[PDB]
2 protein chains.
Amino acid sequence: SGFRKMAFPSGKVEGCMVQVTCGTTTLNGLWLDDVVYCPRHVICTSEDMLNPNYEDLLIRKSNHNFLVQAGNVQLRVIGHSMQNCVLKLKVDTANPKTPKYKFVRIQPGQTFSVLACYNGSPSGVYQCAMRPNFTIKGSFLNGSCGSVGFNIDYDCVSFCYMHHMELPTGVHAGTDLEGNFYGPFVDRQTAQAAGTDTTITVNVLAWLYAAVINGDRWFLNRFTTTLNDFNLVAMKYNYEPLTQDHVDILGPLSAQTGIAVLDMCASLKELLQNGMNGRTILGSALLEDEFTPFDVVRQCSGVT
Amino acid sequence: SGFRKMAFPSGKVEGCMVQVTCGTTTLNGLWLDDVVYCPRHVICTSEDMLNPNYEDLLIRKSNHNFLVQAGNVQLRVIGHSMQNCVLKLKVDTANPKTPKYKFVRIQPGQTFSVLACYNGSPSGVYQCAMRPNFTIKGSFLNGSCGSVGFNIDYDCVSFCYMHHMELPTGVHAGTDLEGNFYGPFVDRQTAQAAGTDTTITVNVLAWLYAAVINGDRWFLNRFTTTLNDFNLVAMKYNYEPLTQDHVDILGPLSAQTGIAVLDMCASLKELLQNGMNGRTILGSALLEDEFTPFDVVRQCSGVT
Ligand SMILES: *[C@@]1(O)C(=O)N(Cc2ccc(OC)c(OC)c2)c2c(C)cc(Br)cc21
Ligand SMILES: *[C@@]1(O)C(=O)N(Cc2ccc(OC)c(OC)c2)c2c(C)cc(Br)cc21
């Protein structure tokens, strides 16, 4: 029992972190097989980042200009190329610590672990979610670029995120491992609007099921609702519309607890319309949306 | 920017997790050098755990009765001994993945990372605190015993906690790595009272400084207080008394932000007497006490 914001064990990812230097800029790289992946803004200077011509800036760089260091061993760069907003540096040695891995593009509302790194060295790991507006509310300082987000399925690391920038609003933006930005963001120091964010409804409901499984039941009520009535409420409180797909993915939690999805929706509707009244759920005084139904199932069953 | 409940990278600890089996009981062990550390209740059956005579139960066991498995390789047990509530199994091979390590007994209010494990396999990592009442509000299921709590200072892993049991109130109890329980707990299925818990005052104030450093300033006020007046308030709201030592440890945060400790105490006093009024601080609607001044400094400076 107990419910925590749990990250994946970061070991398999720690073994991939390297330091990438290009001119005077240093950030983190991801060494998988004989390729080092890092944000392409590593080739920029402060002046360049206003409106950089990446193709032109990369043309002034040769393999020997990219200094890749794994811990304290230098890697020999034999090739370089840009794919969207990432640089792929071919090294002459395959990472002996390369775990089994996939590159996956996550959907908004999905969660992942972040291994924050500085100078190629890991500093901390935390669990977060891709916000519906394609930002992540992480903890990143200058030097953290190239830190990655990932999930782990038994022995396979699915890399989903690479950190590229901080928005003026303190939220974070980045790409998948093919260099495609999540959201409308570009790797420039320009005016960039993070869209309207909403609350991940299916995740809040999954967290309400995690609360019941752990003893926090005060919010359960004598009411039910319909998907349409619940969606009027979710719309009013800037919550994502709940779909039949979301209802279906809550099925195992509904079966374990014996609480129908629509009955749990009526609890959430009452919590939205009335607040917590100075009470807590799983040690939180707000409605938590960074646990998916899969995360709740995994944590509550003990998947390793 | 951004502030997260961050755990240490778990890699160095993942390399130490093994599975320990004794008869029909399986739990986790910690393999450091040629010694495997695990909770001594591994030698018990459900009937034994009412009032077990550990000395007598250990006498019915030989080196060959302790089955230690590291991933999928069997370790040869050449010695066994009990130290307080832990079993130390001498194996014929030193763990090649043994990081630089220390065994430390943490103080109440101090924080640490937990690597939750089942069958010797890591499932997740989270940050938590040793509660003033010597319990931890973790996330542990049956099979998690032997999971460890740790801190990391550059390359050194300081092991502080080993998980032994769940209290009827869903909170967790365990020992340091010498087998000494934190708190009044014993490794028996008996009536065990977790004392009165209080809020870690210095940690809440450290988290208020983390909020100011990150933009959340609404709670700052035009007031100041004295240590004695603040302590009357802390006493009323079941908060730990603030000491001059706590004031001193908040010094670097006081210097960075330019907000005197007693001025921040007056903000906390107003928050305690008036509540949040439906507002949030670092994405939380309650006063967070699981970040020490050292954790805030580390996260806000970028220590790897
Ligand atoms: C990351 O470590 C950086 O290299 N970095 C500098 C930077 C990143 C991105 C952009 O524009 C898209 C600019 O524009 C000038 C600079 C940086 C910063 C500043 C913040 C964080 Br958090 C991580 C990184
Ligand atoms: C841990 O993995 C266990 O082995 N385990 C069983 C258990 C532990 C401790 C005690 O008494 C002190 C008893 O008494 C019967 C059984 C267990 C349990 C039940 C819960 C959690 Br969480 C972890 C572990």
# chains A, B, ... in the order shown; residues from 1 in each chain; ligands from 1
call {"tool": "residues_near_ligand", "arguments": {"ligand": "ligand 1", "cutoff": "8 Å", "atoms": "only C-alpha atoms and all ligand atoms", "output": "VMD selection string"}}
result
(chain A and resid 25 to 28 41 to 42 46 to 47 49 to 50 118 139 to 146 163 to 166 172 186 to 190) or (chain B and resid 1)
call {"tool": "write_last_selection", "arguments": {"atoms": "N, CA and C atoms", "output": "short mmCIF file (atom, residue, chain, number, x, y, z; two decimals), in the first residue's frame"}}
result
data_model
loop_
_atom_site.label_atom_id
_atom_site.label_comp_id
_atom_site.auth_asym_id
_atom_site.auth_seq_id
_atom_site.Cartn_x
_atom_site.Cartn_y
_atom_site.Cartn_z
N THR A 25 29.71 25.55 -26.58
CA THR A 25 28.47 25.02 -26.00
C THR A 25 28.58 23.56 -25.56
N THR A 26 28.18 23.27 -24.32
CA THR A 26 28.14 21.90 -23.80
C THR A 26 26.71 21.51 -23.37
N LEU A 27 26.23 20.36 -23.85
CA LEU A 27 24.96 19.80 -23.42
C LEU A 27 25.09 18.26 -23.35
N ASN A 28 24.00 17.56 -23.06
CA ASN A 28 23.98 16.12 -22.93
C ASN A 28 23.64 15.44 -24.22
N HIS A 41 20.86 22.57 -31.34
CA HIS A 41 21.31 23.90 -30.89
C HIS A 41 22.69 23.86 -30.21
N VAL A 42 23.29 22.66 -30.04
CA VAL A 42 24.65 22.54 -29.54
C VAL A 42 25.63 23.31 -30.48
N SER A 46 25.04 32.18 -28.52
CA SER A 46 23.94 33.06 -28.09
C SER A 46 23.40 33.98 -29.21
N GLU A 47 24.30 34.50 -30.07
CA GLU A 47 23.92 35.39 -31.18
C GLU A 47 23.12 34.65 -32.25
N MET A 49 21.16 31.93 -31.92
CA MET A 49 19.84 31.49 -31.46
C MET A 49 18.69 32.47 -31.64
N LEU A 50 18.90 33.64 -32.26
CA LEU A 50 17.81 34.57 -32.51
C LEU A 50 16.99 34.00 -33.68
N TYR A 118 23.53 17.02 -16.42
CA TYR A 118 24.35 18.23 -16.62
C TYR A 118 25.77 17.75 -16.93
N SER A 139 11.93 20.01 -14.35
CA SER A 139 12.88 20.73 -13.51
C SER A 139 14.19 20.67 -14.27
N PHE A 140 14.48 21.74 -14.99
CA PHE A 140 15.64 21.78 -15.86
C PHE A 140 16.31 23.12 -15.76
N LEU A 141 17.62 23.12 -15.64
CA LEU A 141 18.40 24.34 -15.64
C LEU A 141 19.26 24.36 -16.89
N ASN A 142 19.93 25.49 -17.17
CA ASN A 142 20.88 25.58 -18.28
C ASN A 142 21.96 24.48 -18.10
N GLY A 143 22.19 23.73 -19.14
CA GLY A 143 23.07 22.57 -19.09
C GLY A 143 22.30 21.25 -19.19
N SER A 144 20.97 21.29 -18.94
CA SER A 144 20.11 20.10 -18.96
C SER A 144 19.67 19.62 -20.32
N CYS A 145 19.86 20.43 -21.36
CA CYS A 145 19.50 20.07 -22.73
C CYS A 145 20.15 18.78 -23.14
N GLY A 146 19.37 17.94 -23.81
CA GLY A 146 19.85 16.61 -24.15
C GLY A 146 19.44 15.58 -23.13
N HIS A 163 15.14 16.92 -24.08
CA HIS A 163 14.90 18.30 -23.66
C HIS A 163 15.63 19.32 -24.51
N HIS A 164 14.89 20.33 -25.02
CA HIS A 164 15.53 21.35 -25.86
C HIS A 164 15.50 22.75 -25.30
N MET A 165 14.41 23.12 -24.60
CA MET A 165 14.29 24.51 -24.18
C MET A 165 13.32 24.76 -23.06
N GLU A 166 13.41 25.95 -22.50
CA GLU A 166 12.55 26.43 -21.48
C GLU A 166 11.74 27.59 -22.06
N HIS A 172 8.64 23.35 -20.04
CA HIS A 172 9.68 22.83 -20.89
C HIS A 172 9.16 22.25 -22.19
N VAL A 186 9.68 25.65 -31.84
CA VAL A 186 10.85 25.64 -32.70
C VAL A 186 12.09 25.93 -31.85
N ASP A 187 13.27 25.44 -32.28
CA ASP A 187 14.48 25.67 -31.50
C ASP A 187 15.10 27.04 -31.81
N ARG A 188 14.38 28.12 -31.41
CA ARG A 188 14.76 29.53 -31.56
C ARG A 188 14.41 30.29 -30.27
N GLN A 189 15.13 31.40 -29.99
CA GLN A 189 14.82 32.25 -28.84
C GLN A 189 13.80 33.27 -29.35
N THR A 190 12.59 32.80 -29.64
CA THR A 190 11.53 33.65 -30.19
C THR A 190 10.27 33.65 -29.29
N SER B 1 14.46 26.21 -14.39
CA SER B 1 13.32 26.43 -13.55
C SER B 1 12.38 25.21 -13.51
#
call {"tool": "interface_residues", "arguments": {"of": "chain B", "to": "chain A", "cutoff": "7 Å", "atoms": "only C-alpha atoms", "output": "count of residues only"}}
result
30
call {"tool": "select_by_dssp", "arguments": {"residues": "region 133-280 of chain A", "states": "helix (DSSP H, G or I)", "output": "MDAnalysis selection string"}}
result
chainID A and resid 201:213 227:236 244:249 251:257 261:274
call {"tool": "write_last_selection", "arguments": {"atoms": "N, CA and C atoms", "output": "short mmCIF file (atom, residue, chain, number, x, y, z; two decimals), in the first residue's frame"}}
result
data_model
loop_
_atom_site.label_atom_id
_atom_site.label_comp_id
_atom_site.auth_asym_id
_atom_site.auth_seq_id
_atom_site.Cartn_x
_atom_site.Cartn_y
_atom_site.Cartn_z
N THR A 201 -8.21 14.11 -17.84
CA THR A 201 -9.36 13.50 -17.20
C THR A 201 -9.20 12.02 -16.90
N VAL A 202 -8.81 11.19 -17.89
CA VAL A 202 -8.64 9.74 -17.66
C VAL A 202 -7.62 9.45 -16.57
N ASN A 203 -6.56 10.26 -16.50
CA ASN A 203 -5.50 10.14 -15.48
C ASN A 203 -6.02 10.49 -14.09
N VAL A 204 -6.87 11.54 -13.97
CA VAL A 204 -7.43 11.91 -12.65
C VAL A 204 -8.30 10.75 -12.14
N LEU A 205 -9.15 10.19 -13.02
CA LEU A 205 -10.02 9.05 -12.71
C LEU A 205 -9.17 7.83 -12.36
N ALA A 206 -8.06 7.58 -13.07
CA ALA A 206 -7.17 6.46 -12.74
C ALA A 206 -6.59 6.66 -11.29
N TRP A 207 -6.25 7.91 -10.96
CA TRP A 207 -5.72 8.29 -9.64
C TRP A 207 -6.79 8.19 -8.54
N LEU A 208 -8.07 8.37 -8.89
CA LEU A 208 -9.19 8.20 -7.97
C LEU A 208 -9.34 6.69 -7.66
N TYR A 209 -9.14 5.82 -8.65
CA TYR A 209 -9.15 4.37 -8.46
C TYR A 209 -7.95 3.97 -7.59
N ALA A 210 -6.77 4.57 -7.81
CA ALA A 210 -5.59 4.31 -6.98
C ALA A 210 -5.88 4.72 -5.53
N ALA A 211 -6.60 5.83 -5.33
CA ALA A 211 -6.99 6.25 -3.99
C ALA A 211 -7.90 5.21 -3.31
N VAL A 212 -8.92 4.68 -4.01
CA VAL A 212 -9.84 3.70 -3.42
C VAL A 212 -9.09 2.41 -3.04
N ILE A 213 -8.23 1.91 -3.94
CA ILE A 213 -7.38 0.74 -3.70
C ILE A 213 -6.49 0.93 -2.45
N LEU A 227 -21.76 9.92 -19.74
CA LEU A 227 -20.57 10.47 -20.40
C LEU A 227 -20.85 11.91 -20.85
N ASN A 228 -22.05 12.17 -21.38
CA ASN A 228 -22.40 13.52 -21.84
C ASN A 228 -22.51 14.52 -20.69
N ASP A 229 -23.18 14.15 -19.60
CA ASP A 229 -23.30 15.06 -18.45
C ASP A 229 -21.90 15.32 -17.86
N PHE A 230 -21.10 14.25 -17.67
CA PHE A 230 -19.73 14.40 -17.18
C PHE A 230 -18.91 15.31 -18.09
N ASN A 231 -19.03 15.16 -19.40
CA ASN A 231 -18.29 16.00 -20.35
C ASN A 231 -18.70 17.47 -20.32
N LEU A 232 -19.96 17.80 -19.94
CA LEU A 232 -20.37 19.20 -19.77
C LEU A 232 -19.57 19.80 -18.61
N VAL A 233 -19.42 19.02 -17.52
CA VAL A 233 -18.69 19.38 -16.31
C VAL A 233 -17.21 19.50 -16.60
N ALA A 234 -16.62 18.49 -17.29
CA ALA A 234 -15.21 18.48 -17.68
C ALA A 234 -14.91 19.70 -18.55
N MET A 235 -15.82 20.04 -19.48
CA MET A 235 -15.65 21.23 -20.32
C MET A 235 -15.57 22.50 -19.46
N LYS A 236 -16.50 22.63 -18.49
CA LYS A 236 -16.57 23.80 -17.61
C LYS A 236 -15.31 23.98 -16.77
N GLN A 244 -15.17 7.03 -24.96
CA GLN A 244 -15.41 5.62 -24.69
C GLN A 244 -14.05 4.87 -24.60
N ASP A 245 -13.04 5.28 -25.38
CA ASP A 245 -11.69 4.70 -25.28
C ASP A 245 -11.12 4.85 -23.87
N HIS A 246 -11.28 6.04 -23.26
CA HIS A 246 -10.81 6.30 -21.90
C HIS A 246 -11.55 5.41 -20.91
N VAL A 247 -12.88 5.26 -21.06
CA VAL A 247 -13.76 4.42 -20.23
C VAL A 247 -13.26 2.94 -20.29
N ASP A 248 -12.92 2.47 -21.49
CA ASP A 248 -12.40 1.13 -21.76
C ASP A 248 -11.05 0.89 -21.11
N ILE A 249 -10.14 1.87 -21.20
CA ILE A 249 -8.82 1.76 -20.58
C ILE A 249 -8.91 1.77 -19.05
N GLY A 251 -11.25 0.09 -17.54
CA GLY A 251 -11.85 -1.21 -17.30
C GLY A 251 -11.20 -2.06 -16.22
N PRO A 252 -9.88 -2.33 -16.28
CA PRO A 252 -9.26 -3.15 -15.22
C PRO A 252 -9.38 -2.53 -13.83
N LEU A 253 -9.28 -1.19 -13.74
CA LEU A 253 -9.45 -0.51 -12.45
C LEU A 253 -10.88 -0.59 -11.98
N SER A 254 -11.84 -0.48 -12.92
CA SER A 254 -13.25 -0.63 -12.63
C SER A 254 -13.51 -2.05 -12.10
N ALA A 255 -12.91 -3.08 -12.72
CA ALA A 255 -13.09 -4.48 -12.32
C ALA A 255 -12.48 -4.80 -10.96
N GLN A 256 -11.26 -4.33 -10.69
CA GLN A 256 -10.59 -4.54 -9.40
C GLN A 256 -11.43 -3.97 -8.25
N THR A 257 -11.83 -2.70 -8.35
CA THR A 257 -12.53 -2.02 -7.27
C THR A 257 -14.02 -2.24 -7.23
N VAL A 261 -17.07 2.94 -14.10
CA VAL A 261 -16.42 4.17 -14.54
C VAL A 261 -17.33 5.41 -14.36
N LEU A 262 -18.60 5.33 -14.80
CA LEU A 262 -19.53 6.44 -14.64
C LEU A 262 -19.84 6.80 -13.17
N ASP A 263 -19.78 5.83 -12.24
CA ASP A 263 -19.94 6.14 -10.81
C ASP A 263 -18.71 6.93 -10.35
N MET A 264 -17.49 6.52 -10.79
CA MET A 264 -16.29 7.28 -10.45
C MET A 264 -16.31 8.68 -11.11
N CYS A 265 -16.89 8.80 -12.29
CA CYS A 265 -17.07 10.08 -12.97
C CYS A 265 -17.94 11.02 -12.11
N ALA A 266 -18.99 10.48 -11.46
CA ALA A 266 -19.87 11.28 -10.61
C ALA A 266 -19.15 11.73 -9.35
N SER A 267 -18.19 10.93 -8.84
CA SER A 267 -17.35 11.37 -7.74
C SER A 267 -16.48 12.56 -8.21
N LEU A 268 -15.89 12.45 -9.41
CA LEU A 268 -15.03 13.50 -9.95
C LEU A 268 -15.82 14.76 -10.23
N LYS A 269 -17.03 14.62 -10.73
CA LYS A 269 -17.92 15.76 -10.97
C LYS A 269 -18.21 16.49 -9.65
N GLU A 270 -18.53 15.74 -8.59
CA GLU A 270 -18.78 16.35 -7.28
C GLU A 270 -17.51 17.04 -6.75
N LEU A 271 -16.33 16.42 -6.92
CA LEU A 271 -15.06 17.03 -6.49
C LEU A 271 -14.78 18.32 -7.27
N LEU A 272 -15.15 18.36 -8.56
CA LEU A 272 -14.91 19.54 -9.39
C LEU A 272 -15.84 20.67 -9.00
N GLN A 273 -17.14 20.36 -8.80
CA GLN A 273 -18.14 21.34 -8.40
C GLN A 273 -18.03 21.79 -6.93
N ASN A 274 -17.48 20.95 -6.03
CA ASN A 274 -17.45 21.29 -4.61
C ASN A 274 -16.08 21.48 -3.98
#
call {"tool": "closest_residue", "arguments": {"among": "B:173, B:160, B:77, B:104", "to": "ligand 2", "atoms": "only C-alpha atoms and all ligand atoms"}}
result
B:173
call {"tool": "residues_around", "arguments": {"residues": "region 57-66 of chain A", "least_positions_apart": "3", "cutoff": "9 Å", "atoms": "only C-alpha atoms", "output": "number ranges by chain"}}
result
A: 20-23, 40, 43-44, 48, 52-54, 76-82, 89-90
call {"tool": "select_by_dssp", "arguments": {"residues": "region 33-227 of chain A", "states": "strand (DSSP E)", "output": "JSON, numbers by chain"}}
result
{"A": [35, 36, 37, 38, 39, 66, 67, 68, 69, 70, 73, 74, 75, 77, 78, 79, 80, 81, 82, 83, 86, 87, 88, 89, 90, 91, 100, 101, 102, 103, 111, 112, 113, 114, 115, 116, 117, 118, 121, 122, 123, 124, 125, 126, 127, 128, 129, 148, 149, 150, 151, 152, 153, 156, 157, 158, 159, 160, 161, 162, 163, 164, 165, 166, 172, 173, 174, 175]}
call {"tool": "atom_distance", "arguments": {"atom1": "CA of residue 68 (chain B)", "atom2": "CA of residue 99 (chain B)"}}
result
19.4 Å
